[PDB]
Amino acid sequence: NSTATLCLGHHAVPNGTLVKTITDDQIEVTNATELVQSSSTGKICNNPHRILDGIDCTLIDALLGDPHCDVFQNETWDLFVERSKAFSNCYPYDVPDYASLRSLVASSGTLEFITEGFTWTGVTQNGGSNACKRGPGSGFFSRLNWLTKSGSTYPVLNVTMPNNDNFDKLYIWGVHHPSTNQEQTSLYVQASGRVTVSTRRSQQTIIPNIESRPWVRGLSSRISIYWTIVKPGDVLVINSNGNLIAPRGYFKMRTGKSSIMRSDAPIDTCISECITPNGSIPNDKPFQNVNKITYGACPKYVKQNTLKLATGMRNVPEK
C-alpha cells in the first residue's frame, strides 16, 4: 500500500557439494568441480600408441633371446607391457643393475639386432645347455655365444670390433659362474678366469667367483649379464682368458618416447593418450588417483580421490 519492502538475497541449492577452505574443513557450496580422475575403464587402448603385449616374455628375456621369446626379434614398440605371468625358461641368470638395462632398452623402443663377425680364435663357439633347449636339441640365448676350450687350451682372447656407424651400439655379454672347480677347469682350463670389456671411454673388469647357488632348472650355476655402449669413433675391446659369454653383435639404440609398464590389464581397441597399469584413463582433469605410474599426456598423480574446487557461493538452505 503506502510503503514497500525490497529484499536482497542470493541463490541456493537444496543439496550442495562439500569442499574445503582455509577456515572450514567441510563447507557446502552451490557448485564445485572435480579435479581428480579416479576411475579407469580397466583396458589399455591400443591407439594411438603402439602397444606390444609381452604375454609370457619379459623385455630382458626377449633381449637375450630366450627360446620361447624368439618371436620378439626385431620387434618395436611405444609401450612394452610386461605381464606377471611372464617367466624365464633359459639358463639361470642375474643382472647387476637390472633396472637400468631394462629402462635403457625400454627407452630405445626396439630390439633391432645386427650380427657382427667377431673372430674367436682358439675357442669353441656356440655352447649350449639342457636348461635352455631350443627345439628338440639343446640350446642357448640366441644373442649370446658361449665360448669354451678347444682341445686342452683356452687362450687369451683379444678381439676388437670398431663402431664406424653414426649411432650408439649396445652390446650384451656375460660371465659364467661355475658351481665347482672341476667344472671351471673342464670348460675354461684355467683355474681362475677373467673377462674385461673396454672402450675408449669405459672399462669393465670382472673376475668370476666360483660358488654354488640355489637350483634353478636343474642348475646350480648362473650367468651375470653386463652391457656396454660404444659411441661412434669408439671401439669395443674384449679380452678374456676364460668364462666369457661373448656377444653376437649389437642392438641399434634410439632415443624416443618409449617406455615399459608392468600391468595385467587386457588390451582393447580404443583411443587414449594416457595409460596406467589399471588401464587407460581420460586426461581431461588435471590430477588423477588411479596410479602413480603413467604413460602419455597424463594428469599428475595425487593421493586424494577427490579435490573439489569451489565454483559457487556458499549454499545455505532456505528456511
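The first residue of the sequence shown is number 1, and the count goes up from there.
- Relative to one another, 203 to 211 and 168 to 176 have unequal mean CA B-factors, and 203 to 211 is the one with the higher figure.
- Here the stretch with the larger average CA B-factor, out of 100 to 108 and 119 to 127, is 119 to 127.
- The top Cα temperature factor in the record, among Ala86, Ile223, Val197, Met161, falls on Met161.
- The deposited CA B-factor of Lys292 belongs to the middle third of values across its chain.
- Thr228 sits in the lowest third of its chain by CA B factor, as recorded in the PDB entry.
- Looking at the C-alpha B-factors along this chain, the one for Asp53 belongs to the middle third.
- In the deposited entry, the Cα temperature factor of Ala62 places it in the lowest third of its chain's modelled residues.
- Among the modelled residues of the chain, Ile245 sits in the lowest third by CA temperature factor in this PDB entry.
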